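Here the structure comes first, spelled out in structure tokens, and everything after it is commentary.
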Amino acid sequence: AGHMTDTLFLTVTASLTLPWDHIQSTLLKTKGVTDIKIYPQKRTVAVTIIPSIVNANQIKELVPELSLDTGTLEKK
């Protein structure tokens with residue numbers, strides 16, 4: 001009935017800038033990520049992932065990224 005995957009808006013934070021291809025590469029490499037896409041806004045990328053099987057810390061380890069877009073919602 002409900003959606004198989006959930007969408008989460010991430011904020012790109014890093015000392016040195018980099019292309020979306022690299023962002024997609026690291027996120028793609030880690031498990032629990034279905035799709036990564038960058039959108040026209042202030043350094044923001046929308047991603048589709050499964051919270052139940054993916055952890056925030058793993059994403060952070062690959063990329064420092066705040067990973068917290070404005071107006072986001074958290075179950076816990």
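Counting in the deposited numbering, the sequence shown runs without a single skipped number right up to 76 at its last residue. A virtual CB, placed ideally from N, CA and C, is assigned to each residue, including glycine.
Residue i to residue j span [Cα, whole Å]
i, j, result
"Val47", "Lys60", "14 Å"
"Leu16", "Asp35", "23 Å"
"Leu28", "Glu74", "23 Å"
"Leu18", "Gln24", "11 Å"
Other residues of its chain near residue i: CB distance less than 7 Å, five sequence neighbours each side excluded
i, result
"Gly32", "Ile49, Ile50, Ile53 and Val54"
"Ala56", "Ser67"
Where residue i falls: helix, strand or coil (DSSP)
i, result
"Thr7", "strand"
"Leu62", "helix"
C-beta contact flag for residue i and residue j at 8 Å
i, j, result
"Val63", "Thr5", "no"
"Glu65", "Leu8", "no"
Beta-carbon proximity list for residue i, same chain, < 6 Å, skipping 5 on both sides
i, result
"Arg43", "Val12"
In chain order, which beta strand (DSSP E) runs of at least 3 residues are fully inside the region 6 to 56? 6 to 11, 33 to 39 and 44 to 49
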